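Quick heads-up: it's one chain on its own, the form deposited in one PDB entry, in structure tokens.
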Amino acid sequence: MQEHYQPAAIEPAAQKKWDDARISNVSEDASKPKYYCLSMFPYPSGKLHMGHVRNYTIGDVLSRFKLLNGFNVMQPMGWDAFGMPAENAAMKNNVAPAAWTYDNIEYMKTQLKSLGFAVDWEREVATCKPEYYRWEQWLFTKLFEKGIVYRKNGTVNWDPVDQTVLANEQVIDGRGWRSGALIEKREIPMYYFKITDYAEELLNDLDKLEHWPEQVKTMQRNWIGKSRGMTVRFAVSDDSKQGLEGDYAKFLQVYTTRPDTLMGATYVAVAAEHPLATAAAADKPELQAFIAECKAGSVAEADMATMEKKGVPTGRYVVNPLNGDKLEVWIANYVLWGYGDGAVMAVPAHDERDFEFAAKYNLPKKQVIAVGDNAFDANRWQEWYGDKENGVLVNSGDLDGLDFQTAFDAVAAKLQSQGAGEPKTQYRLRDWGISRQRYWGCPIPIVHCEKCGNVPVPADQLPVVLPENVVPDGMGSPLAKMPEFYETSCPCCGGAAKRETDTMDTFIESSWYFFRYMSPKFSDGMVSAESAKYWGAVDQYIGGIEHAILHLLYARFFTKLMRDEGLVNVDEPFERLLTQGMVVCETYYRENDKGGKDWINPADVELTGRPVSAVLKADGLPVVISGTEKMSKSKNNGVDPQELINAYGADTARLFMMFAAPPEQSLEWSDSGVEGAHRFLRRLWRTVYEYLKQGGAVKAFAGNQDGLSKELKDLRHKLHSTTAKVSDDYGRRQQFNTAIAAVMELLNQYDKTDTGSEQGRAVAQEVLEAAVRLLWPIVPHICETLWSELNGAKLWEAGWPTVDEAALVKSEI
């Protein structure tokens, strides 16, 4: 055994040992209990970043822990390969997105292998290969026939200078983020998943997920946004009917979740597209301009609530069916056409947004709810104004004294008897629009025939292969400019026809890849029945919190679709969910000759104990140390994990990632922290080396410890206490930094114990054999090497250390 720890001399050898034993290559073995541990698969962007290393180390800790506990562990990896990155790289580098992708995959795969993750590489998938995406085309065609996928006109943001469609997030002040050109709102036919048909199931099945973080479930519930409310129809006043047709001349229909406050409505608000707005705006230029501004807005969903709320009066009036009040209709920018009726009532005394709206425009506020003896102030909002649990109705005529639910029902009865309203359930959830006007993505398996319509491609003809010999040019989506692709024959009639040229939202590939890993070479279906039956659902999912809403909702939706197709028989894809925090680093800059800042990468900086400033490492010239934030290309503060691996080895990288912070917490890059991790591995190495240098290995202590000295009993107590703590940290708390600290304390106590005697050496052997197995999930290369110097058995067959209960009983006084 070499005296000094040298990662480059041990890490390739350990990886070859595991590869040869095929310990991570698993089959559907009915004799061993399955465990499916899955980390969110990466975009093959070029090289790993530190967020990747943290995610896949967490996954590997849990996977190796379960492996040592006797599970048949599947830990698969693959590549979320479609999307805009490869297209931008294509336009920047004049290479094919496919060529760029496959080169990146090969490089990043080598990186992952060098980190020693216990991955079943025989299950690798790449979502840009036709062997993968043919199956989501297949599912598309099956749901299209059932109407679960459908085609309808929708509105997109068109950038006329970049000649491409933009999401709301890429529209700034009504202009394209890169071009700076004014966006055009365009109506185009697009394809949608009817996810609203599954809203109730997606909402209610969240309650099954006892091992999901409560915040993720809360975010999903709020996104789905089910409400139990009331439809209410306000008769249009006789003087307000000019320009109105049909039922819009008879009544203004609204949806409210607070019909118990209907006696307190003081005005109503309609969307810019509402017929009442159209009729009112006919002779009023200010209304026309307000409507145009609303239609030209491109507010992203995450920003909708922060938008400043604005409105204009219409001079039109409706009548409250409960009390007979004549209320003025306003057009407001927060009322969205397509949500319910595109019209709401406003109760400023008991809804905070209505309070601020009415306070701005000096609209009336009428208290109809009282909470105890609390004072109502029409000039200042108080939280109890919105209370639904402990209020009773006041100023509400024959409804006074009722609580929320009782008043809800009485209003429902009153309105229904009059024909002026009825209870109604609504959902914020929109249908999922999947058409993308992009090249590097899964082709939509539809053929347009002037005789037959929009026709799904037959299953025998799938996949519709995306041609890979394409270099996007930036003057429009390439597929629409390639007749060699889109000119085809109709599969129903054989007539001249055109393939659909839009591609699929790349969320589609990540909505089912966890099932494909179960049988990634299965050519007769999305996933084979035998594999789906064996692996079931993902036992443990690990990924960033930024995916808590869309990706997880989409995956749960696809799981229920595939269940309803007979492909799987789980209701939920992921049993346990661990969401990791971001990785952050200090930033560095020098000021510009243009009064700005240029951001320097930390690897090109050297600091100069009490630290005082830093300078550029190539050419000494002091830079400004700046604030710490998420690693990004924006502030050029990304630390290349490859340089960390090159300088210290994979185990140091993994140990620092797991020790620096709990997974949910932000992990701050620290040079001293990395050095501390490496120093700890050197200490572990030296501890075993020095132990073996003073006598070589012995049989580890086991059994009755009567007659052991007090000092050795105390060390065995610490040993088996540490095993219990680490087991609980890996298995239950999923806090790995405290597990590492626990082993450090065991080694601290070992260091203070005289283990020179015969019984001392046996206990020392027991301590070291446990310590290297307790740390193997985190730093497997060094623990594999040290284990083999201590013991001739296969470490993974020795298994997870057991707690000796007898070592935890204390002497009787």
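Whichever C-alpha set is largest while still superposing within 1.5 Å between the two forms counts as the rigid core. Numbering starts at 1 and runs along the sequence shown.
The form deposited in another entry exists for this protein as well; it is not shown, and the discussion that follows is about that form.
Among the candidates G544, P189, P130, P313, displacement between the shown form and the other one reaches 2 angstroms at the C-alpha for one position only, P313 (superposition on the rigid core).
Core-superposed comparison between the shown form and the other one: the Cα of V465 travels less than 2 Å. Superposed on the core, the two forms differ at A280: its CA moves 2 Å or more between the shown form and the other one. Remark: with the core as the superposition reference, the CA shift of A292 between the shown form and the other one reaches 2 Å or more.
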